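Have a look at the structure below, then the notes.
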Number of protein chains: 2
Amino acid sequence: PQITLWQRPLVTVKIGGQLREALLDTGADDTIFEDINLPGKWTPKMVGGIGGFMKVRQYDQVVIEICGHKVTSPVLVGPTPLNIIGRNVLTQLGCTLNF
Amino acid sequence: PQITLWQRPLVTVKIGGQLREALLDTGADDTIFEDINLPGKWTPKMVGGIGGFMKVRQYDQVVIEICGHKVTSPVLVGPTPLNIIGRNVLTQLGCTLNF
Ligand SMILES: CC(C)CN(C[C@@H](O)[C@H](Cc1ccccc1)NC(=O)O[C@H]1CO[C@H]2OCC[C@H]21)S(=O)(=O)c1ccc(N)cc1
Ligand SMILES: [Cl-]
Ligand SMILES: [Cl-]
């Protein structure tokens, strides 16, 4: 799969049984979702961004079905404007930037 | 050039005669710098991010030297935490996401 960038690189994901859309985001260290409810215990973290910070929940060892790949990662949950797939998951898909 | 994602995809760039480090950011629609001053008139714009919004200046037709390439693009200047290269400049590099 080669994906150009004339449009936002959005992919469909299955995460914790739910169907979501998310953004392939090389500028994100960590994968974060807004519109989901994950099972289990969590750890309080924070994420900093272009315009400020926000409290999040880190859920460890979460199954994500993305492109043809099935992967586990810690997932942050909080009020991001869009679901984002970050370098912790991108690296596991063997994702690379080419030019 | 093929770049993995185990570390932040940071690149050196010459922009408006100044040397900067910036992030290849497929999750960013637009290109934005924090630690520069560009010449000329500008248009007030805003950007929204993970944690909120901020006011920025859009400078049109700015020359950026990024890896081997020399391109023009509108550039946003404002209080971002890092410099980011977004899809408006990535497309001009013929940059793709591969896996
Ligand atoms: C969140 C996206 C929808 C958009 N963001 C681009 C994104 O890549 C930022 C880019 C970014 C990077 C560092 C600091 C601020 C913004 N990364 C980010 O928020 O990542 C957070 C999640 O993991 C951590 O990794 C880096 C910060 C954490 S954004 O910075 O807010 C943004 C929004 C609009 C434009 N034009 C350009 C950038
Ligand atoms: Cl994991
Ligand atoms: Cl231009």
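Every number here is computed from the coordinates shown, using simple stated rules; none is lab data. No Cβ is skipped: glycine too gets one built from the backbone with ideal geometry, and neighbour counts run over all protein chains shown.
Give me the residue from the stretch B:68-87 that is of a type in the set (V, I, T) and within 16 Å of ligand 3 (Cβ to nearest atom) and, out of that set, nearest to the other protein chains (Cβ to nearest Cβ). Quick ask: steps written out before the conclusion?
Going through the stretch B:68-87, the residues of a type in the set (V, I, T) turn out to be B:71-72, B:75, B:77, B:80, B:84-85.
Restricting the remaining residues to those that are within 16 Å of ligand 3 (Cβ to nearest atom) gives B:71-72, B:75, B:77, B:85.
Values: B:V71: 12, B:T72: 17, B:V75: 15, B:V77: 13, B:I85: 9 Å.
Going through the qualifying residues, I end up with B:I85.
Need a quick list: strands (runs of 3 or more DSSP E) entirely within chain A having at least 2 residues that are surrounded by fewer than 15 Cβ atoms within 10 Å (Cβ to Cβ).
A:10-15, A:18-24, A:43-49, A:52-66, A:69-77
Are any residues in the stretch B:70-99 farther than 16 Å from B:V56 by Cα and not hydrophobic (A, V, I, L, M, F, W, C), and if so, which ones? Break it down into steps so the answer makes sense when it comes.
Quick first cut of the stretch B:70-99, residues farther than 16 Å from B:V56 by Cα only: B:70-72, B:87-99.
Within the stretch B:70-99, B:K70, B:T72, B:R87, B:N88, B:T91, B:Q92, B:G94, B:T96, B:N98 meet the criteria.
State all residues of the stretch B:9-26 that are within 13 Å of chain A (Cβ to nearest Cβ) and either without any contact (Cβ under 8 Å) to a residue 40 or more places away in the chain or among the aromatic types (F, W, Y) (or both); if no residue qualifies, say none. Before the answer, list the steps.
From the stretch B:9-26, those within 13 Å of chain A (Cβ to nearest Cβ) are B:9-11, B:22-26; that's our starting set.
Across the stretch B:9-26, the qualifying residues are B:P9, B:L10.
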A:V75 being touching a residue at least 24 places away in the same chain (Cβ under 8 Å), hydrophobic (A, V, I, L, M, F, W, C) and under 26 Å from B:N98 (Cα atoms)
yes
Quick one: which residue in A:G40, A:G48 is within 14 Å of ligand 2 (Cβ to nearest atom), farther than 27 Å from A:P1 by Cα and over 11 Å from the mean Cα position of the chain (by Cα)?
A:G40
